[PDB]
């Protein structure tokens, strides 16, 4: 159990009062948990942001101005997870929407470049309460986008999904 606290994920902003109308998730942004194996398996299209968790379906809403977006530059960035429960870990992966993705429709695999721009494999080790990954956001991405940070658990069938709303510039 954990969430991306910086840049504050969609789910987490829901608790800080930076995002509203989220529902249950604002009570526990660290529990956006669903099946692992994305993108081959995992959350069904249209329910990726909520990890296909019915009680978190508010997260699946998608319109050009629905979510509060953070302003970031392409290139080097730092993503920090805050874990409320530390489990044996297989990997951490970050995906970003393709250029020209439809920001007026619910997220689907067709919305994302299915190859993560970066991946960290922990060999099953249990992570510290704070985890920070540094990756380069693709330079060909500008304007409104969604970065999906996925945490795959090694000893269970699940993963945690953290959608992050962003507005990119050079």
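Positions refer to the first chain, counted from 1.
The PDB entry reports B-factors from which the mean C-alpha value can be compared for 31 to 39 and 58 to 66; the larger average falls on 58 to 66. Higher average CA B factor: 68 to 76, of the stretches 68 to 76 and 86 to 94. You'll see in the entry that, of 137, 51, 103, 126, the Cα B factor peaks at 103. Ranked by Cα temperature factor within the chain, residue 154 sits in the lowest third according to the deposited record.
Sort the chain's modelled residues by C-alpha temperature factor and residue 116 lands in the lowest third, per the entry. For residue 132, the recorded CA temperature factor ranks within the lowest third of the chain's modelled residues.
Residue-level temperature factors show residue 148 in the lowest third of its chain, judged at the C-alpha atom.
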